[PDB]
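Asker: Dumping the structure here so I can ask a few things about it.
Here's what the structure looks like:
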């Protein structure tokens, strides 16, 4: 009686929701689709792959569309030997944990707050004086309550043996820059720092790229274990056509253009960290000093094979694809107040920004975007259009956590900040907002950074700003162009 | 030959799926949208913000729609001083870890199972006797196999120094109640306990509110670290209009109504836990005793700016929005059998329920919904409509884990139970089932709780029941009303 | 001036995106639906439930559709007693940690690499010699750099007391096979190993089945704690009709067919692990030796009640549902090169494969798909159609991580490999690609496994291959059939 | 022990019953009543000047 | 006319009553509260002193 009465208890308001219902929950409807197949094919580079060099590949035409694209990287296992035991000790310098430049830079900021005879003190006494000076520095700069000295003395249990390892997220770090080219024109460009920021914000829970890029979430002991043997990494290249099947790049519609991936590789000296400064780093299998020619890479592409009728239709009329392109503003930082002039073009969906200390970069911690003592490097930021506040001054947590909560699949674990003009900037096919930067005379991101950011040992810290913008790729008569 | 043969190998069944295909995977189609912009604006409260008080803000009209809404809370850093060293030691009482009322309440239930001279025993002997009595209690009540005494002696390594910290998820705890008002009418009401339950069930992996609300997942050492300095929290207010862009609140259509957020704040005594009972809690920067006027809050609103044509269309005909409203049944528990009479109205989508021990509340652990010794407080529950079983007696795990698995984005880490009448209760725009409680003469949730729940030291434990219900918000002639 | 200028700054390209816009972000539209209700009902098996037996249930007709289906399993708490203290010590043998067959099998592979007097060595000296021989084995087989011996000596802190526990993910392990039958015909079949693989790949972040199936992510101490008391498990049965509301099984349209669930239960000897070989395992409450009749199970079904008009429409014309069926190829492995001949039928969406060592199975670690020493058991795999490479040789990481990244909600934590022909194999209602195996004369999965896989103590290791295929379920005149 | 469930309350209301002619007149035209409403400002005090 | 609350009445809780329509006008309104008598006992003599 009650359940039937609920179906009868309808009024004029229910008519807007349920009158002439076009859907039922109790019967499945499905759509028929055209026939297609997927094939993954691995392809060698057209030029030699080496650390610090640029390499390119011309993408083969082994199907009708191009869907997924992965850079397959093979890194050798690492071993170490004392320089005294080596017949040829001359190698490039690597970052070493016995010379922690990041810790030395952090100590340099607290030196003015050390009370007593620091120079003559025992090692254990120096560690105590540094921890007390950190409390005095943080009280003076941040009105922070002092932490117990014992809580600041975190011994990272480092192993009592010699090692070397590939840096955190080495699969991204290796790709300093990649360019997707069609007919000799650059269609899009991605950077190592952008790839990491995109994975932090858009990386879905349970599908994080951890193993696929050599990322351990800053657990040095896991990087050491992984680096003792050969590593095979599959780094996704997040081009517009890899984001949705309807954006797959129509190879058949671009028949008269070569499709190329160009990759600028990281220098070998930046890719490795060692336990001690006096160690030589060896290729684990070959027992020779590690060299720039030990980088191996290939391109793994997923092709789509279409039925003849769909292939012929796509060849006759591929039309236009909405694309997202990436733009970059890279700046050196030498002061706590920084203004970035964002000379980006087109309808910008969103931008990302973050800072890297010089000391973190020099320590080989390339994706450590933290400030001094691991703090947030940004105090506040403001966004100006033509000297008018588009976003008034907001604290770092608003740009990092509130913007990520509103617009992104994930909150970043590092100090990555974002701002979206789009309601759904991760939707590759549905435009949901933008600001046209080609119609603004000035776009300025004004930053107030933490105290002493870009001073002394951190002179030439880096500001990264990346923007995502809409453009249109047009296919006509076997040619493709922006 | 094989791939072409697959495209030809079609029969009368494939016609229902693929005949006259209206979609292709090999060409992207996109829709054009109207022009809009988003702006985040921070606004001060209209009244003073203080602990234990009620404060309100009249929301400014700085755009055409209202989308996201965050309560920006600023909490001072905490320090502690001995009461003997303080010129004015008189402060409100705070929960203290040297007086663990929750542990004392748990011990009180096992006192009848202690064999031997408990009163005269050494401290280490008392801990042994309590662990043995816990085994005897659990064997007698639950037919549990005894755990090794050493496995029950979990020392939480508490630091050997003085501290105070803000309670777990302080950003939610501060909001005892918030009311969204339009034209003086309450449109919706949210509670601290509901906000926490909603984040447990609907909080997406990689987008949990942890840092944004001061939640550490019950790691006291992280709460201590965070509480030594100023904290800025961004607490999302999950109103119907924050859930989907098409539900954004049409400011232009409600021109003659004031929009107000009212917030009832938690008492300061409930917000802080200290290491010892004899400590005074100080504002870390100001070096004065912490007081009710040290709470700071503001409202961060995201406005939408529309193109004139869409703004004019929305002003002429905003029509009606489907809304979800929240209802609450709050009850004291003094017996293991509890019947809650759910006097909720309208088409209910779902309800949540959970229990809080008096001892957990008094210990300042406001979101600890566990029973005695951290067990599940519910043994079983039944749902009755007009004295007829709508859901027959089911064990706690069915209401907690099976309902969450079927209808929610996440399973709760705490003892939160749910039941959905909707197939998709997290879809804000598509009704997918409900029960109309305004047409039921009685709705009863009958609970069988664990033994001794609501007895002795847990007299006046709390039952929370929250329901989500459909209603319609109508916009007409510059006015808005339910 | 700027925001209005952006709305005016439109060209011929914007016309494809925004001309005649059929959607606005500033007004919600909702659809009305038909009236329905959901009811969860628990039902006993028609036959006795026992370990190692087959049991069936005839599903009741308590609503118009069948939606969710859970196997509710009740397992007793476990206790242990010495065999010498037991009046009837005769019980089935259980796996025991004092006789770690998996560790003994791993040691057997490194015996040829032990230098010195192993037989006469002290226990601590034998552990050192085994760790050194592991380095020599891994250097010889994999060109691995040696790990420090201290890093290989992981003591799992096992408790110094007697225990027994239910094996990891016992809720899946109990279900050796389940068959969904309609009118005496098997519509679909699921296996324990498939259920685990499906949860690894398709299990969403924050909705993992951990507690609902007794899974701890290989933390033996948590399995021990859980196994001391009665456990209630709710194992989801992932039939086609449980995946989407429009696929709910139309009970009213199948009126003349009995609907049955058949379950083949695991043997009791395979379900329990004990600390020591000389222990008897007891039912914790009854204080009797655990026996095959101590398994209890029931079926929890969610029924849908429809409004009379929708019920009558569905009875008159339920038509056809697209279904996914599961197929299995199970093979013994006795060599490092394995070819699996996949005699699957119909349009296959995707397949999963994985290996289990005999030693892992014999140790009671039924979902440990790792190789020797916890390594990846697959070096490479190739997929052939009619002796032509459909997927050329790819390394294990491509089949495990790249395929999961492209097509699945999650990456597997175990050595589960997949390959999809579908763009969205987790979409139950939208076909997005397949390969028709009923039109291929041969489908071969060629595997190169790790060295010594399937040799000596691992003779008769297992290869599992599971495929998901499309079929059509037809409803006509009160009957249902494939 | 005294507990939160020991509070008992009910509402005692005085109703007025009207003659049919006055009831019908009031139903047809009750019009408007002047009302007094109450408003509150609640503040914490920590100084001699407020 | 005396009327019970629609929800449970308890200390520290919120309770509501829907006023019945037992006449044409509503005039006086009194909250009828019933409080139990109090006694005291030493905490040492009490089986549940909490």
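Protein chains in written order, with the entry's author numbering: chain A, 11 to 492; chain B, 11 to 492; chain C, 11 to 492; chain D, 299 to 348; chain E, 51 to 100.
By construction, the Cβ of each residue, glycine as well, lies at the ideal position given by its N, Cα and C atoms.
1) Which runs of the beta strand (DSSP E), 3 residues or longer, sit entirely within the stretch 330–392 of chain B?
2) Going by DSSP, which residues form a beta bridge with residue 66 of chain B?
3) On the CB-based measure, 16 or more other CB atoms within 10 Å of its CB, does residue 203 of chain B come out buried or exposed?
4) Which two residues bound the contiguous beta strand (DSSP E) that contains residue 476 of chain C?
5) Among B:374, B:389, B:477, which one has its Cα closest to the Cα of residue 361 of chain B?
6) Under 8 angstroms: do the stretch 173–190 of chain C and the stretch 254–269 of chain A share three or more Cβ pairs, one atom per stretch?
7) Establish whether the CB of residue 342 of chain B and some CB of chain E are separated by less than 7 angstroms.
8) Take residue 93 of chain E and list the residues in its own chain whose beta-carbon comes closer than 8 angstroms to its own, dropping the five residues that flank it on each side.
9) Does any C-beta atom of chain B lie closer than 7 angstroms to the C-beta of residue 43 of chain C?
10) According to DSSP, residue 91 of chain C sits in a beta bridge with which residue or residues?
11) Buried or exposed for residue 280 of chain B, going by 16 or more other Cβ atoms inside 10 Å?
12) Exposed or buried, residue 349 of chain A, counting other C-beta atoms within 10 Å across all chains shown (16 or more means buried)?
13) Quick one: which residues of the stretch 267–286 of chain B get their C-beta closer than 8 angstroms to a C-beta of chain D? List them in chain order.
14) Can you give the beta carbon distance from residue 47 of chain B to residue 221 of chain C, rounded, assuming they're within the 8 angstroms contact cut?
15) Could you tell me which chain E residues have their CB closer than 7 angstroms to the CB of residue 467 of chain B, listed as they occur along the chain?
16) Taking all protein chains shown into account, decide if residue 81 of chain C is buried (16 or more other Cβ within 10 angstroms of its Cβ) or exposed.
17) Would you say residue 460 of chain B lies against chain D (beta-carbon separation less than 7 angstroms)?
18) In terms of residue numbering, what span does the alpha helix (DSSP H) encompassing residue 136 of chain A cover?
19) Could you give the C-beta distance for residue 239 of chain B and residue 152 of chain A, rounded to a whole number, given that I count them as a contact under 8 angstroms?
20) In chain E, which residues lie with their C-beta within 7 angstroms of the C-beta of residue 339 of chain D?
21) Could you please give the first and the last residue of the uninterrupted alpha helix (DSSP H) stretch that includes residue 117 of chain A?
22) Quick one: complete beta strand (DSSP E) runs, 3+ long, within the stretch 170–196 of chain C?
23) Would you say residue 312 of chain D lies against chain E (beta-carbon separation less than 7 angstroms)?
24) At 9 angstroms on the CB atoms, spell out the chain B contacts of residue 88 of chain C, in chain order.
25) Run through the DSSP bridge pairs and tell me what residue 11 of chain A is partnered with.
26) From residue 105 of chain A to residue 282 of chain A, what does the alpha carbon distance come to, in whole angstroms?
27) By Cβ distance, which residues of its chain are closer than 6 angstroms to residue 363 of chain A, with the 5 residues on each side in sequence left out?
28) Say whether chain H places a C-beta atom closer than 7 angstroms to the C-beta of residue 146 of chain B.
29) For residue 22 of chain B, which residues in chain A fall below 8 angstroms Cβ to Cβ?
30) Going by Cα to Cα distance, which pick from C:332, C:77, C:86, C:134 is closest to residue 252 of chain C?
31) Can you list, in chain order, the residues of the stretch 50–72 of chain B whose Cβ is nearer than 9 angstroms to any Cβ on chain D?
32) Can you pull the chain B neighbours of residue 433 of chain C, defined as C-beta to C-beta under 7 angstroms?
33) Could one say the Cβ of residue 197 of chain B lies closer than 7 angstroms to chain C's Cβ atoms, at least one of them?
34) Could you spell out the range, first to last residue, of the alpha helix (DSSP H) harbouring residue 404 of chain C?
35) Is residue 59 of chain B helix, strand or coil when you go by DSSP?
36) Can you give me the start and stop residues for the alpha helix (DSSP H) that residue 28 of chain C sits inside?
Answerer: Quick look at the numbers:
1) DSSP runs (the beta strand (DSSP E)) wholly in the stretch 330–392 of chain B: 330–343, 347–351, 357–366.
2) The residue you call residue 66 of chain B lines up with position 56 of the second chain. Within the DSSP bridge table, the entry for residue 66 of chain B names B:272 as partners.
3) Taking the second chain and counting its residues from 1, one reaches residue 203 of chain B at position 193. Flag for residue 203 of chain B reads buried.
4) For the purposes of this step, residue 476 of chain C is taken as residue 466 along the third chain, with counting starting at 1. DSSP places residue 476 of chain C in the uninterrupted beta strand (DSSP E) bounded by 471–486.
5) Translated into positions along the second chain, residue 361 of chain B becomes position 351. Closest option to residue 361 of chain B, judged by alpha-carbon separation, among B:374, B:389, B:477: B:477.
6) Too few Cβ pairs lie closer than 8 angstroms, so no.
7) If you number the second chain from 1, residue 342 of chain B lands on position 332. So yes, residue 342 of chain B belongs to the interface.
8) Numbered from its first residue, the fifth chain carries residue 93 of chain E at position 43. Cβ within range, chain order: 99.
9) Position 33 of the third chain, counted from the start, is the residue given in the question as residue 43 of chain C. It does: the Cβ of residue 43 of chain C has a partner Cβ on chain B nearer than 7 angstroms.
10) Translated into the one-based positions of the third chain, residue 91 of chain C becomes position 81. Per DSSP, C:290.
11) As a first step, residue 280 of chain B is located in the second chain; it is residue number 270 there, counting from the start. By the neighbour-count criterion, in which a residue is buried when 16 or more other Cβ atoms sit within 10 angstroms of its Cβ, residue 280 of chain B is buried.
12) Within the first chain, numbered from 1, the residue matching residue 349 of chain A stands at position 339. Residue 349 of chain A comes out exposed.
13) The residues in question: there are none.
14) Locating residue 47 of chain B in the second chain gives position 37, counting from the first residue. Locating residue 221 of chain C in the third chain gives position 211, counting from the first residue. About 46 angstroms separates the two Cβ atoms, so there is no contact after all.
15) Looking up residue 467 of chain B in the second chain gives position 457. Neighbours of residue 467 of chain B on chain E, chain order: 100.
16) Residue numbering aside, residue 81 of chain C sits at position 71 when the third chain is read from its first letter. Label assigned to residue 81 of chain C: buried.
17) Residue numbering aside, residue 460 of chain B sits at position 450 when the second chain is read from its first letter. False, the Cβ-Cβ gap to chain D never drops below 7 angstroms.
18) Counting from 1 along the first chain, the entry for residue 136 of chain A is found at position 126. Taken as a continuous stretch (DSSP letters only), the alpha helix (DSSP H) holding residue 136 of chain A covers 133–152.
19) Numbered from 1 along the second chain, position 229 holds the residue referred to as residue 239 of chain B. Numbered from 1 along the first chain, position 142 holds the residue referred to as residue 152 of chain A. Right, the Cβ-Cβ distance comes to about 6 angstroms (below 8 angstroms), so this counts as a contact.
20) The residue given as residue 339 of chain D occupies position 41 in the fourth chain. By Cβ distance, chain E contributes nothing, its closest Cβ being about 22 angstroms from residue 339 of chain D, past 7 angstroms.
21) On the first chain, position 107 is the one that residue 117 of chain A refers to. Element bounds for residue 117 of chain A: 111–120.
22) Assignment of beta strand (DSSP E) within the stretch 170–196 of chain C, counting only whole runs of 3 or more residues, yields 174–176, 185–192 in chain order.
23) Within the fourth chain, residue 312 of chain D is the residue found at index 14, counting from 1. Residue contact check for residue 312 of chain D against chain E: a CB pair falls below 7 angstroms.
24) Sequence index remark: in the third chain, residue 88 of chain C carries index 78 (1-based). Neighbours of residue 88 of chain C on chain B, chain order: 155.
25) Along the first chain, read from residue 1 onward, the residue named residue 11 of chain A stands at position 1. Its beta-bridge partners do not exist; DSSP assigns none.
26) Locating residue 105 of chain A in the first chain gives position 95, where the first residue counts as 1. Locating residue 282 of chain A in the first chain gives position 272, where the first residue counts as 1. Rounded to whole angstroms, residue 105 of chain A to residue 282 of chain A spans 7 angstroms at the Cα level.
27) Position 353 of the first chain, counted from the first residue, corresponds to residue 363 of chain A. Correct list, in chain order: 427, 475.
28) The structure shown contains no chain H; its protein chains are A, B, C, D and E.
29) The sequence position of residue 22 of chain B within the second chain is 12, counting from 1. Here the premise fails: no neighbours, minimum Cβ distance about 12 angstroms.
30) Along the third chain, one-based indexing puts residue 252 of chain C at 242. Comparing C-alpha distances from residue 252 of chain C to each of C:332, C:77, C:86, C:134 shows the shortest one belongs to C:77.
31) Those would be 57, 58, 60, 61, 62, 63, 64, in chain order.
32) The residue you call residue 433 of chain C lines up with position 423 of the third chain. Against chain B, a Cβ distance below 7 angstroms from residue 433 of chain C picks out 35.
33) In the second chain, the residue the question calls residue 197 of chain B occupies position 187. Taking 7 angstroms as the threshold, the shortest C-beta distance from residue 197 of chain B to chain C does not fall below it.
34) To locate residue 404 of chain C, count along the third chain from 1; it is residue 394. Taken as a continuous stretch (DSSP letters only), residue 404 of chain C belongs to no alpha helix (DSSP H), being part of the beta strand (DSSP E) at 398–405.
35) Start at 1 with the first residue of the second chain, and residue 59 of chain B comes out as number 49. Here residue 59 of chain B carries a coil assignment [DSSP, helix/strand/coil].
36) As a position in the third chain, residue 28 of chain C is number 18, starting the count at 1. 22–28 is the span of the alpha helix (DSSP H), which, as asked, contains residue 28 of chain C.
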